[PDB]
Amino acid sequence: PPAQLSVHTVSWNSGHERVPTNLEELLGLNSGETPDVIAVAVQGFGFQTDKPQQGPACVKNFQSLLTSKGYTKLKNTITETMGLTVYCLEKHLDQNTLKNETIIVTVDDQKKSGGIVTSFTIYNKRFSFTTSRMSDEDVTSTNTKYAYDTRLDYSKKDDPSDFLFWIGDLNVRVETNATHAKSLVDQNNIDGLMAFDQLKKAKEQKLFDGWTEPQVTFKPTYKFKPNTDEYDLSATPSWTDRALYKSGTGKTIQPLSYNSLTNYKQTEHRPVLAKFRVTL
């Protein structure tokens, strides 16, 4: 059992986008890094029914990439609007203690909103990865629009998880007009634009309680004109894909890196990659 392990998370509100070409860049592997755990989350349209017959390409692309690197896919789960895959280096895995388990929680009759939680145990320490999806119009357990539900929060449990990450588009946005928001972006005033971000409001309403976001240094990841770097000012530029972290048992988690991946310009949102170090 090592003292520390590293985790990479990536999420993307990808819509109808297929898997892109350079996957090492997407998962933060393009500089020789060997993370112990990798988690990939999507939000979009039509995953489960797979009309585009895309799912077999996803498999081939992610197996080509990760099998030789020593990773085992612990779980892939898709719904019509969400996707969550967790990988872990094979060497850390004990079949007798893994206790690999996934839940899906949907809140609407159409099964478009709610979340996925995948959890697993290595070195007697339990990880949970959550992704979630909420739409503005939804009727919710919190009476807010935010993609939080206590059933997706494995810190609120009597045998809580050791290491938890929540990744995906939290339906948290910037609460100011677009004109002002674009002007703060042009001034590189990231912190001044962040003052209007809703995550702090959600936390006031006791949502995402005790969950932490790494310092944000990058410009809003949404809403872009596809295949350009131009904001479509029909929405207030915002931070849609986020990465949050927490321990349910007092463990130390340290963010190493948190960044948008602006080379992936194909749709209205940009992917977000985070890298962490956890102490067992």
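Numbering starts at 1 and runs along the sequence shown.
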| item | value |
| --- | --- |
| Stretch with the higher entry mean CA B-factor, where the candidates are 51-59 and 213-221 | 51-59 |
| Mean C-alpha B-factor comparison - 254-262 and 15-23, higher one | 15-23 |
| Top residue by Cα temperature factor, when 151, 180, 200, 111 are compared in the entry | 111 |
| Selection by C-alpha B-factor (highest) of 237, 35, 32, 44 | 32 |
| Lowest, middle or highest third - CA B-factor, residue 75 | middle |
| Residue 186 by Cα B-factor - lowest, middle or highest third of the modelled chain | lowest |
| CA B-factor placement of residue 195, once the chain's modelled residues are sorted into thirds | lowest |
| Residue 115 CA temperature factor, ranked by third within the chain | middle |
| Residue 160 - which third its CA temperature factor falls in, relative to the rest of the chain | highest |
